[PDB]
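Colleague: Next up, start30.txt (compact mmCIF, C-alpha atoms).
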```txt
# COMPACT_ATOMS: atom_id res chain seq x y z
CA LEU Y 1 -47.52 26.58 -55.05
CA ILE Y 2 -48.52 23.56 -52.98
CA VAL Y 3 -52.07 22.25 -52.70
CA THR Y 4 -53.08 19.49 -50.30
CA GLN Y 5 -56.78 18.68 -50.28
CA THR Y 6 -57.89 15.71 -48.21
CA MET Y 7 -61.43 14.56 -47.57
CA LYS Y 8 -62.45 11.79 -45.19
CA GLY Y 9 -65.84 10.44 -44.24
CA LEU Y 10 -68.19 12.00 -46.77
CA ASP Y 11 -71.84 11.17 -47.37
CA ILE Y 12 -73.49 12.76 -50.39
CA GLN Y 13 -76.95 11.74 -51.49
CA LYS Y 14 -79.69 13.06 -53.78
CA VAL Y 15 -77.45 15.60 -55.56
CA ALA Y 16 -79.70 15.81 -58.64
CA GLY Y 17 -78.20 18.74 -60.49
CA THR Y 18 -74.97 19.76 -62.22
CA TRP Y 19 -72.29 18.88 -59.66
CA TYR Y 20 -69.03 20.08 -61.20
CA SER Y 21 -66.31 19.12 -58.75
CA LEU Y 22 -65.95 18.17 -55.14
CA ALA Y 23 -62.34 19.32 -54.83
CA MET Y 24 -60.72 21.69 -57.32
CA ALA Y 25 -57.25 23.16 -57.58
CA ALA Y 26 -55.38 24.95 -60.33
CA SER Y 27 -53.03 27.79 -61.07
CA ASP Y 28 -55.78 29.85 -62.72
CA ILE Y 29 -59.55 29.39 -62.76
CA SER Y 30 -62.37 31.59 -64.04
CA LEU Y 31 -66.11 31.27 -64.78
CA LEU Y 32 -68.45 33.40 -66.99
CA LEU M 1 -48.17 29.81 -51.41
CA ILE M 2 -49.31 26.78 -49.42
CA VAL M 3 -52.91 25.57 -49.28
CA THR M 4 -54.06 22.80 -46.95
CA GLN M 5 -57.78 22.09 -47.07
CA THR M 6 -59.04 19.12 -45.08
CA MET M 7 -62.63 18.05 -44.57
CA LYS M 8 -63.80 15.29 -42.27
CA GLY M 9 -67.25 14.01 -41.45
CA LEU M 10 -69.47 15.66 -44.04
CA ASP M 11 -73.12 14.94 -44.77
CA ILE M 12 -74.62 16.61 -47.83
CA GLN M 13 -78.07 15.69 -49.05
CA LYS M 14 -80.70 17.11 -51.41
CA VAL M 15 -78.33 19.61 -53.09
CA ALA M 16 -80.47 19.92 -56.24
CA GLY M 17 -78.83 22.84 -57.99
CA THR M 18 -75.53 23.80 -59.59
CA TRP M 19 -72.96 22.82 -56.96
CA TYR M 20 -69.62 23.95 -58.37
CA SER M 21 -67.01 22.89 -55.85
CA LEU M 22 -66.79 21.89 -52.24
CA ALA M 23 -63.16 22.93 -51.79
CA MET M 24 -61.41 25.29 -54.19
CA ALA M 25 -57.89 26.67 -54.31
CA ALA M 26 -55.89 28.46 -56.97
CA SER M 27 -53.44 31.24 -57.59
CA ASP M 28 -56.07 33.39 -59.30
CA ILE M 29 -59.85 33.03 -59.48
CA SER M 30 -62.57 35.32 -60.83
CA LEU M 31 -66.29 35.10 -61.70
CA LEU M 32 -68.49 37.32 -63.96
CA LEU X 1 -46.91 23.31 -58.67
CA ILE X 2 -47.75 20.29 -56.52
CA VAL X 3 -51.26 18.90 -56.11
CA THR X 4 -52.11 16.15 -53.64
CA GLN X 5 -55.79 15.24 -53.49
CA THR X 6 -56.75 12.28 -51.34
CA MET X 7 -60.24 11.04 -50.56
CA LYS X 8 -61.11 8.29 -48.12
CA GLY X 9 -64.43 6.86 -47.03
CA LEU X 10 -66.90 8.33 -49.50
CA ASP X 11 -70.54 7.40 -49.96
CA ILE X 12 -72.34 8.91 -52.95
CA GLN X 13 -75.81 7.78 -53.92
CA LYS X 14 -78.65 9.00 -56.13
CA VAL X 15 -76.54 11.57 -58.02
CA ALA X 16 -78.90 11.68 -61.02
CA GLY X 17 -77.53 14.63 -62.96
CA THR X 18 -74.40 15.70 -64.81
CA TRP X 19 -71.61 14.93 -62.34
CA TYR X 20 -68.44 16.18 -64.00
CA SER X 21 -65.61 15.33 -61.63
CA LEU X 22 -65.10 14.44 -58.02
CA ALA X 23 -61.51 15.68 -57.85
CA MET X 24 -60.05 18.06 -60.42
CA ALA X 25 -56.62 19.61 -60.81
CA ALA X 26 -54.89 21.41 -63.65
CA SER X 27 -52.64 24.30 -64.51
CA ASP X 28 -55.49 26.26 -66.09
CA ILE X 29 -59.25 25.71 -66.00
CA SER X 30 -62.17 27.82 -67.21
CA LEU X 31 -65.92 27.39 -67.83
CA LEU X 32 -68.38 29.43 -69.98
CA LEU O 1 -89.70 -2.57 -30.54
CA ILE O 2 -88.06 -0.76 -33.46
CA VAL O 3 -84.62 0.83 -33.32
CA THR O 4 -83.22 2.97 -36.12
CA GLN O 5 -79.81 4.47 -35.40
CA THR O 6 -78.12 6.33 -38.23
CA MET O 7 -74.87 8.26 -38.09
CA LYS O 8 -73.44 10.38 -40.87
CA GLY O 9 -70.32 12.49 -41.07
CA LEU O 10 -68.37 11.51 -37.96
CA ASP O 11 -64.80 12.44 -37.08
CA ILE O 12 -63.28 10.72 -34.06
CA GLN O 13 -59.61 11.10 -33.24
CA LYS O 14 -57.30 10.47 -30.28
CA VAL O 15 -59.80 8.30 -28.36
CA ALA O 16 -57.10 6.58 -26.27
CA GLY O 17 -59.18 4.75 -23.70
CA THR O 18 -61.75 1.97 -23.47
CA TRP O 19 -64.31 2.93 -26.12
CA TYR O 20 -67.07 0.34 -25.82
CA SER O 21 -69.59 1.17 -28.51
CA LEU O 22 -70.56 4.07 -30.68
CA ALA O 23 -74.16 2.95 -31.19
CA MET O 24 -75.85 0.41 -28.92
CA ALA O 25 -79.31 -1.10 -28.91
CA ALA O 26 -80.84 -4.08 -27.14
CA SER O 27 -83.91 -5.32 -25.35
CA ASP O 28 -82.15 -5.26 -21.98
CA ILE O 29 -78.84 -3.73 -20.91
CA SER O 30 -77.21 -3.30 -17.51
CA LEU O 31 -73.77 -2.38 -16.11
CA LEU O 32 -72.20 -2.99 -12.63
CA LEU B 1 -87.47 -6.55 -32.35
CA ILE B 2 -85.98 -4.75 -35.35
CA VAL B 3 -82.58 -3.07 -35.34
CA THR B 4 -81.33 -0.93 -38.22
CA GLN B 5 -77.93 0.66 -37.64
CA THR B 6 -76.39 2.53 -40.55
CA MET B 7 -73.19 4.55 -40.54
CA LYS B 8 -71.91 6.66 -43.40
CA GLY B 9 -68.85 8.84 -43.73
CA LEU B 10 -66.77 7.96 -40.68
CA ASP B 11 -63.20 8.99 -39.94
CA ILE B 12 -61.54 7.36 -36.95
CA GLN B 13 -57.86 7.84 -36.26
CA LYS B 14 -55.43 7.31 -33.37
CA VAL B 15 -57.81 5.11 -31.34
CA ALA B 16 -55.00 3.49 -29.32
CA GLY B 17 -56.93 1.64 -26.66
CA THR B 18 -59.43 -1.20 -26.30
CA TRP B 19 -62.10 -0.35 -28.87
CA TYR B 20 -64.77 -3.01 -28.44
CA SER B 21 -67.41 -2.27 -31.06
CA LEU B 22 -68.53 0.57 -33.24
CA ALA B 23 -72.11 -0.65 -33.60
CA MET B 24 -73.65 -3.20 -31.25
CA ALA B 25 -77.07 -4.80 -31.10
CA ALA B 26 -78.46 -7.78 -29.24
CA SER B 27 -81.44 -9.08 -27.33
CA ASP B 28 -79.57 -8.93 -24.02
CA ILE B 29 -76.26 -7.30 -23.08
CA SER B 30 -74.53 -6.78 -19.75
CA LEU B 31 -71.07 -5.75 -18.47
CA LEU B 32 -69.37 -6.28 -15.05
CA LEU T 1 -85.20 -10.50 -34.20
CA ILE T 2 -83.86 -8.70 -37.27
CA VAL T 3 -80.51 -6.94 -37.40
CA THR T 4 -79.41 -4.81 -40.34
CA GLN T 5 -76.04 -3.12 -39.90
CA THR T 6 -74.64 -1.26 -42.89
CA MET T 7 -71.49 0.84 -43.01
CA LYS T 8 -70.37 2.95 -45.94
CA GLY T 9 -67.38 5.20 -46.40
CA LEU T 10 -65.18 4.41 -43.42
CA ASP T 11 -61.61 5.55 -42.80
CA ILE T 12 -59.80 3.99 -39.85
CA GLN T 13 -56.12 4.58 -39.29
CA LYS T 14 -53.59 4.15 -36.49
CA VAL T 15 -55.84 1.91 -34.34
CA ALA T 16 -52.92 0.40 -32.40
CA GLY T 17 -54.71 -1.46 -29.65
CA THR T 18 -57.12 -4.36 -29.17
CA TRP T 19 -59.90 -3.61 -31.66
CA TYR T 20 -62.49 -6.33 -31.11
CA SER T 21 -65.23 -5.69 -33.64
CA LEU T 22 -66.49 -2.92 -35.82
CA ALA T 23 -70.05 -4.23 -36.04
CA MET T 24 -71.45 -6.78 -33.61
CA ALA T 25 -74.82 -8.47 -33.32
CA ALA T 26 -76.07 -11.46 -31.38
CA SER T 27 -78.94 -12.80 -29.35
CA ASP T 28 -76.97 -12.57 -26.11
CA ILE T 29 -73.68 -10.84 -25.31
CA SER T 30 -71.85 -10.23 -22.03
CA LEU T 31 -68.37 -9.10 -20.89
CA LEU T 32 -66.55 -9.53 -17.52
```
Show me this structure written as structure tokens.

Modeller:
Amino acid sequence: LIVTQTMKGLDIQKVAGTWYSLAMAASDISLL
Amino acid sequence: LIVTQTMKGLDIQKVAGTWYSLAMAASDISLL
Amino acid sequence: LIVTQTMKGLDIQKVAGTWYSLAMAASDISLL
Amino acid sequence: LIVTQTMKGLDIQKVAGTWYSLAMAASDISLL
Amino acid sequence: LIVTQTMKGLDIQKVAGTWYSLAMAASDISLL
Amino acid sequence: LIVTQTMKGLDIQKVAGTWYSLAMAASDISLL
């Protein structure tokens, strides 16, 4: 398993909330 | 398994909410 | 398992909230 | 005279040439 | 005369050339 | 004359060339 996540030139503004993650990677993920 | 996620030139604004992830990758994912 | 997360040129402003992580990586993750 | 030029989320690549200006503003401009 | 030039989240790559200016502002400009 | 040039979150790479200026401002400019 290879993960390559690149981000360039991002503008984020007024994100009032519950921002968890911009980039996420794992072997296993789950949400309930 | 190879994952290559690239993002360039993004503008995000007024995302009031519950933003989990912009980019996500895993072996296994599930939601309930 | 290989994870390579790179970010370049980011502007974040007015993120009043509960910002957990910009970049996240693990073997296992879960949320309830 | 008011000038407001905003740019967000730009990706420029392989611009081999004679790139003068991305954003330009003036009172007077001319080219010959 | 008011000039407001803002740039956010820019990715520029492989610009082999004669890049003069990204953002330009003046009272008078000319090229010959 | 008022000039306000702001740049945030910039990625520039492999700009082999003759890069003059990212941001430029003056009363008078000319090129020949």

Colleague: Distance cut-off 10 Å, centre (-63.2, 10.5, -43.5) in file coordinates, counting all atoms listed in the file: which residues qualify? Return them as an MDAnalysis selection string.

Modeller: (chainID Y and resid 6:11) or (chainID M and resid 6:10) or (chainID X and resid 7:10) or (chainID O and resid 9:12) or (chainID B and resid 8:13) or (chainID T and resid 9:12)

Colleague: At a cut-off of 12 Å from (-77.7, -8.4, -32.1) in the coordinates of the file, what residues are picked up using only C-alpha atoms, written as an MDAnalysis selection string?

Modeller: (chainID O and resid 3 23:28) or (chainID B and resid 1:5 23:29) or (chainID T and resid 1:5 23:30)

Colleague: Kindly give the distance, in Å, that separates atom CA of residue 18 of chain Y and atom CA of residue 32 of chain Y, rounded to a single decimal.

Modeller: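 Calculated distance between atom CA of residue 18 of chain Y and atom CA of residue 32 of chain Y is 15.9 Å.
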
Colleague: Which residues come within 10 Å of residue 14 of chain M, counting only C-alpha atoms, excluding same-chain residues fewer than 2 positions away, as a ChimeraX atom specification?

Modeller: /Y:12-17 /M:12,16-17 /X:14-15
